[PDB]
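Lettering of chains follows the sequences in order, A, B, ..., and the numbering in each one begins at 1. Just the heavy atoms: all of them, side chains too, but no hydrogens, waters or symmetry mates, feed the values below.
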Amino acid sequence: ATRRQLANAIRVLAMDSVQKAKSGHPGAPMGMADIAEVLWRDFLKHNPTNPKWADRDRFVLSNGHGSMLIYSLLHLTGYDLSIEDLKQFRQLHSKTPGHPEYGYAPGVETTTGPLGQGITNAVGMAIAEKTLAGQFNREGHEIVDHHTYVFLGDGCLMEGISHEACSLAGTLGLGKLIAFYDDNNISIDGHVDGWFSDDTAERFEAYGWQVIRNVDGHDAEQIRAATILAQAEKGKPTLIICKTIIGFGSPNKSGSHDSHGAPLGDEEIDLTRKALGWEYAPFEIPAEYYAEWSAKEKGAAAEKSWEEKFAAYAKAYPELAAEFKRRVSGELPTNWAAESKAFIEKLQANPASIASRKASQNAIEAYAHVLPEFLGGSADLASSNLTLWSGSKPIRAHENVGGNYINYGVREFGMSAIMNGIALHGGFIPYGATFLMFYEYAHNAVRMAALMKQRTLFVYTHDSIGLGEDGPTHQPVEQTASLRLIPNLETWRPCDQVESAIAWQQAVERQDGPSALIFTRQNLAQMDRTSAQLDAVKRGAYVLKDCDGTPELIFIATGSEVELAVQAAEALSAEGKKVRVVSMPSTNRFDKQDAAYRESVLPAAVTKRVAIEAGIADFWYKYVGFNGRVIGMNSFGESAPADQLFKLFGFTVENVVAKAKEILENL
Amino acid sequence: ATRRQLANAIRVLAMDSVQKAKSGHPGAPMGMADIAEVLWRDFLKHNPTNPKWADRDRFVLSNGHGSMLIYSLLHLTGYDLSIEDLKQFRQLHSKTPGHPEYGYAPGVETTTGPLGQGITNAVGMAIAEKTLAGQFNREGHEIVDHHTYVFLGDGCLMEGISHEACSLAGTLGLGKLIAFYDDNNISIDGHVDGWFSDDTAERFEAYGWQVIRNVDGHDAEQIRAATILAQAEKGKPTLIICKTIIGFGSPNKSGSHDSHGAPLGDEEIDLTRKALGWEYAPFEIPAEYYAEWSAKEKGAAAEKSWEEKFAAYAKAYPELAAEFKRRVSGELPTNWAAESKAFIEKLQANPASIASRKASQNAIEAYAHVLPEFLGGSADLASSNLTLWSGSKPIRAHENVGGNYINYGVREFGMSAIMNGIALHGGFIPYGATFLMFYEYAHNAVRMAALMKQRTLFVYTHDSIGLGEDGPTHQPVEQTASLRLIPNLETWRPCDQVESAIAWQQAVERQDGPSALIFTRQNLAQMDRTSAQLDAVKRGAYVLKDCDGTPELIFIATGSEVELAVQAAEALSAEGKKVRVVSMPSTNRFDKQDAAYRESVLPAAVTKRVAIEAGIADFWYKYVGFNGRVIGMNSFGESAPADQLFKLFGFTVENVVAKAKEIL
Ligand SMILES: Cc1ncc(C[n+]2csc(CCOP(=O)(O)OP(=O)(O)O)c2C)c(N)n1
Ligand SMILES: Cc1ncc(C[n+]2csc(CCOP(=O)(O)OP(=O)(O)O)c2C)c(N)n1
Ligand SMILES: [Mg+2]
Ligand SMILES: [Mg+2]
């Protein structure tokens, strides 16, 4: 078959699957099929029988609405994705959801859909390849060597996150990143000139990318020539601008947004088959086409060759090879359990009153000696977030290439989605920090990490009005509660240096999802814990101060407000009242405990509960109920020194005691 | 005094005010003082005695950490901002908070701090000036004509939102937008080459801006020359790239991130004074420097000249002039109360089972006939969000310049912060739509509108698993609850075309803060309402179905789930149980009602409550407590037809009734 005939197999599988589903986007798959045929058949290094081969090239479909493009490519080249799977497009519990989801189909490298995060994940994947190569490759043993390929569209380039990711990609000289731009002059609102008129070539040249302009996206020889010059450029990422016709082959809907996101219809599909010269019924692919699309034989030989290279590498570098396999698998070092425990116990036995952001740095310093896979960073806030340790080596294009730290610049969304790509790639545990407030810039990347069950460590410092004079644009109020609502994210707001080391430990051990670690600017007093209390911190909430017998009142506190809760409990106790203090470093972790443990912390029979947190109050009714009270925030902050703000907003022993006594008096 | 001596007044006030607070950022004010002297003394058209002069130029400090720069300028040029105010920098209730706040000091045009949003607000103000000029100017009567000036630094240019805002600004040809880039090679991590190496000039030329390269930021003559060329360019926004030395004047910390964000120290301040030849004690500005900095005489003449132009305009176009004054003040038209009421009563009388996104478009259509100040838009989703009405005139650089709609492209964050600038400018009520999921892209701009108490209307469609097959990356679950947590935002989730029209009405009428209006893709059944029920919808929650006497079970539902709550209540009432259905289209609005009203709707003695909402369940404990139940979500969605998703996730009458019996 001809290259165009092979590409048409994608076009027809796409429009037939959308039609059977009565749902989906036929246009971009049809527009990009010729580019896909060249890239997948001539260049992409992959093995359909092992989609987890460590040295495979990574392909990312950033215009994720064109999901039938990747589904067709995976089916045609030999992956474990069947015609029956394509017939279940957009159906409940199928392998082929409306937007491609990591973990659902073999060979989908990332979950896309939200525009701009695809290319940003890919930037992270290319950073991880370059850094892993810098850490593990040796002379004669280039065991890390693979490209990162991206398809992207107009929406992706309009999104601000594309500017964050691609500006950084150029600075870091990601020569193995090659992106194909689907330049079809179409978005949902119509022909894009009215709202999108960048000179995109000049924009990307300004980032330090190589740009190959004006490629005919339906001419295989041109796509091939451009890909060759893209691969020959070793120092810069490359953008190949492909001129395509959206919905190529449709006589009445091509070149128009009418083909972007609706079924073509039975009549138009017939007219398309004829304009394409495609004579086979829906979901029928001739055996000849499967034979020429198959990547099984080329892929198996590529991996067997890499396995032989790795075998020889392991003889020369036995510890590197073991570390490679360990880190790529995501397992922790065998001494991790004992050294992290010993560090946490040392802190419990050597009290220090420090800011939890300092405790965070101390934890990084200790754990980084055990975890060479740490790949840390900050969005231009290293000296405020305290993310550097004594062994930090900031990565640059030609310096510290096997380093372990990224100066992300002022790019919270880009950093967060890059970290997702780093986590997806394997070999690293990424962490990256900013101020808690600017979680809101990166919000959807955090949710994406949770949806993809990726171990990405989101570090946030300056967590409340405790930060003081920078004022209400910076002082978080509702941000912690908002992070707590993200399914499959575990949010930690530790109350001293010990809870801070335990939150880091729990985040590192959480391999099926991300964590958010929230730290303070101001000093926090360390709480006393018995061995059993120390063991219970990782359960998310535990009894910190207890009375003899059933409590008449329970204080629930997190983070910097735990000392206040303890002091108010002391005052009430000196009046003969029986009060319990529960510290709740992670509401998410506590919610997962069995009902016996939760009842032992918050007994159902004790309904007089006071929650204390310098955050939005509405969150806490889940734990205090109608008979409880929340000592929280219900407004934006103010610019003033922190001690005056804590008094202004009621975080005083007098106020807490007074509010507690009101519910004890049933008022 | 020389120009440099006048600029040094900014430098010494900045560093002395930061030193007294023991907090703040001296470097950028010190780095930009010469630029600010030129722009404010030679070019800025403004009146310190009336910071609300409608035709004033707009200045925006996008690198807002340098707040002492704008406070010094305001103090020096004669605004109502005193030395005593600068002495209260960063102190409780001062007019000089650590980042400039709109309304806290006269002459501050927007609240900055979150990097990138200042320039994006300024793109919004430049769009509003251009569009308002297109609507109101007449031959011989150019009553709208003013520039938008921005200071911005490396952080702003690194942020993705700057790419959204400046791309659109070039496309719309905002010739009166002029930005000065504080190109000082410094950010908090240090010298920026290791993480920021853009060819910024070529980047902005790719957006269609004019770029003046390599201006010496400490040479008043070059700054003046660059600004003249920026003003001469009428068709494109201009970026003036000013090479500056952060902390200019400090011998030990200039050109270093050491001067970015901490007091210089008493000793370093003394050496800086010596290096600058500055001989006056802290907070002492000689009378001669005040006289030469004063904008009072120039500004009063400029406003008087404009008042005379407006008087001539009002003589020729009395109705137009009265519309200008009404729309700039923010007051609604006199017939608004009656027209909106008649529209809502008409919908209650002619039931239709339509998607609330279609109900939203119908409301836009009816209200836009009454509100010429509407400036609508969508982030590349006009056909899905349904934001166009029959009178929509999409604004372009040279077409529909007096239009009323913006194709924002795929730029949710930039859209939202541009809308904030449009609201700050005056003359418009901006609304803008995207899918509910992608408010997470625009999150902090929504918060900033609430912080600034701006009437910005954030429209969201496709609000639940109800959108169906696009799957869990698009299906909101926790987004509505997160919107509800934002102080001073009112979030509405209406259950039918009638609640949809009332939600738009209340958002339009809310002058002191923003609204989020959340609409469905799937059809919603209209509910029966008496005249008193119809009137109570604007109280945020109300009794929709009531039993006789005290109920033993209260259903609380919102949006698309109210019909399910009605259906389950009818099944339970047919069994003899006393059940009430409460529709709660806005939790935030309801929370602000007086105690008597709230008790009338949710009596405290009825503790058996079931909340129903296709969103994160944990939010609703505030209203149901320990002994209630939530028919909610606690996971991500799935890619499948909507009808199957509602069954899969338990949004069925049988499931709701089962959970109601668990507490009865
Ligand atoms: C952040 C975000 N905003 C909006 C959308 C909705 N959306 C999906 S595709 C699309 C149009 C973008 O067009 P383009 O990328 O050029 O694709 P084409 O129509 O050419 O296939 C939009 C707005 C989204 N997926 N993500
Ligand atoms: C979105 C956002 N992220 C982070 C910050 C914190 N921050 C304030 S200033 C700054 C450094 C930016 O440097 P630049 O704008 O070049 O300022 P300079 O030091 O030159 O005055 C950062 C990261 C912020 N205000 N907003
Ligand atoms: Mg397109
Ligand atoms: Mg700078």
When you compare the side chain of A:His99 with that of B:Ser639, does any pair of heavy atoms fall below 4.5 Å?
no

message: I'd like to know whether A:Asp618 forms a salt bridge (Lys or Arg N to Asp or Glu O under 4.0 Å) with B:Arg484, so could you lay out the CA-CA distance, the side-chain angles of the two residues, the decisive distance to 0.1 Å, and finally the verdict.
response: CA-CA 10 Å; A:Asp618 273 14; B:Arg484 280 167 182 148; over 6 Å; no

When the 4.5 angstrom heavy-atom criterion is applied to A:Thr111 and chain B, the contacting part is side chain

Counting heavy-atom pairs under 4.5 Å with chain A, the top scorer among B:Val192, B:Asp470, B:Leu485, B:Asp199 is B:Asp470

Scanning both residues in full, the closest heavy-atom pair of B:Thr473 with A:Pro114 reads CB-CD, 3.9 Å

OH of A:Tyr207 to CD of B:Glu202, rounded to nearest 0.5 Å, is 10.5 Å

Exercise for the section: Just do the side chain to side chain donor-acceptor pair (under 3.5 Å) check on A:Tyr441 and B:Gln117 with the steps written out, would you? Expected result: CA-CA 11 Å; A:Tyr441 280 52; B:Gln117 282 189 70; 3.1 Å; yes

Distance col, row B:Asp189:CG vs A:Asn385:CG, nearest 0.5 angstrom, shows 9.0 Å

Cut-off 4.5 Å, heavy atoms of chain A, and the answer for B:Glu101 is side chain

Give a yes or no on this: more than 12 heavy atoms of other residues, nucleotides or ligands lie within 6.0 Å of atom CG of A:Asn634.
no

Residue set satisfying side-chain contact (heavy atoms from CB on, under 4.5 Å) with B:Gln644, at least two apart, ordered chain then number -> A:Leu92, B:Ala640, B:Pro641

Looking only at B:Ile616, B:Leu381, B:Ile161, B:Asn627, the option with the highest number of non-hydrogen pairs under 4.5 Å against chain A is B:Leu381

Checked B:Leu168, B:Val624, B:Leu648 vs chain A; the most non-hydrogen pairs under 4.5 Å come from B:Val624

The interface call for A:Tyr104 against chain B, heavy-atom contacts under 4.5 Å, is side chain

Using only atom types and a distance under 3.5 Å, with no angle test, would you say the side chain of B:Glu469 pairs donor to acceptor with the backbone of A:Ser23? no

The interface call for B:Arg396 against chain A, heavy-atom contacts under 4.5 Å, is side chain

Most contact-rich option vs chain B, by heavy-atom pairs under 4.5 angstrom, among A:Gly471, A:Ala604, A:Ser167, A:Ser383, is A:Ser167

Scored by heavy-atom pairs under 4.5 Å with chain B, the best of A:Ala382, A:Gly170, A:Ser67, A:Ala617 is A:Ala382

Interface check, chain A: of B:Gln91, B:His474, B:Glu399, most non-hydrogen pairs under 4.5 Å belong to B:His474

Looking only at heavy atoms, the pair that brings B:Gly194 and A:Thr171 closest together is O-CG2, 3.7 Å

Residue from A:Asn407, A:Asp591, A:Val477, A:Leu645 scoring the most non-hydrogen pairs under 4.5 Å with chain B is A:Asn407

**Prompt:** Under a 4.5 Å cut-off applied to non-hydrogen side-chain atoms, are B:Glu440 and A:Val446 in contact?
**Reply:** no

| message | If the threshold is 4.0 Å, N to carboxylate O, is there a salt bridge linking A:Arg447 and B:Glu478? | response | yes

dist B:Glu638:CD -> A:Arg90:CZ (nearest 0.5 Å) comes out at 14.0 Å

Interatomic distance, CH2@B:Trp195 vs OG@A:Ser378, rounded to 0.5 Å, equals 10.5 Å

So, the part of B:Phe435 with a heavy atom under 4.5 Å from chain A: the answer is neither

Okay, B:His257 and chain A: the region with an atom under 4.5 Å from a heavy atom over there is neither

>> Parallel, tilted or perpendicular, judged at 30° and 60°: which one describes the rings of B:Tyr439 and A:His443?
In response: perpendicular

After noting the C-alpha distance and the side-chain angles of A:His163 and B:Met158, does the key distance pass the side-chain contact (heavy atoms from CB on, under 4.5 Å) rule?
CA-CA 8 Å; A:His163 164 72; B:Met158 264 182 278; 5.6 Å; no

Okay, B:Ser94 and chain A: the region with an atom under 4.5 Å from a heavy atom over there is neither

One should read off an interatomic distance between B:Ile486 CD1 and A:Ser482 OG, to the nearest 0.5 angstrom, of 8.0 Å

Heavy-atom closest pair (B:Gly625 atom, A:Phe626 atom, distance to 0.1 Å) is N-CZ, 3.4 Å

Under 4.5 Å to a heavy atom of chain A? For B:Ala450 that would be both

Rounded to the nearest 0.5 angstrom, the CD-CZ distance for A:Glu159 and B:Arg411 is 9.0 Å

Ranking A:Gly155, A:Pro394, A:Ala21 by heavy-atom pairs under 4.5 Å to chain B gives rank one to A:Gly155

Sequence neighbours excluded, the answer for ring pair (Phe, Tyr, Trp, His ring centres under 6.0 Å) partners of B:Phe196 is none

Whatever's closer than 4.5 Å to a heavy atom in chain A on B:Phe413 counts as side chain

Cut-off 4.5 Å, heavy atoms of chain B, and the answer for A:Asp154 is neither

Tightest non-hydrogen contact, residues B:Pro487 and A:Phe636, listed as O-CZ, 3.2 Å

Set out, in order, the CA-CA distance, both residues' side-chain angles and the distance that settles side-chain contact (heavy atoms from CB on, under 4.5 Å) for B:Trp620 and A:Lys622, then state yes or no. CA-CA 8 Å; B:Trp620 284 104; A:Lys622 178 184 163 139; over 6 Å; no

Whether the side chain of A:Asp380 engages the backbone of B:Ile188 through a donor-acceptor N/O pair (distance < 3.5 Å, no angle test) should be reported. yes

Turns out that what part of A:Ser162 lies under 4.5 Å from chain B's heavy atoms comes down to side chain

Scanning both residues in full, the closest heavy-atom pair of B:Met437 with A:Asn444 reads SD-ND2, 4.0 Å

Most contact-rich option vs chain A, by heavy-atom pairs under 4.5 angstrom, among B:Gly261, B:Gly98, B:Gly113, B:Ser187, is B:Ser187

So, the part of B:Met633 with a heavy atom under 4.5 Å from chain A: the answer is neither

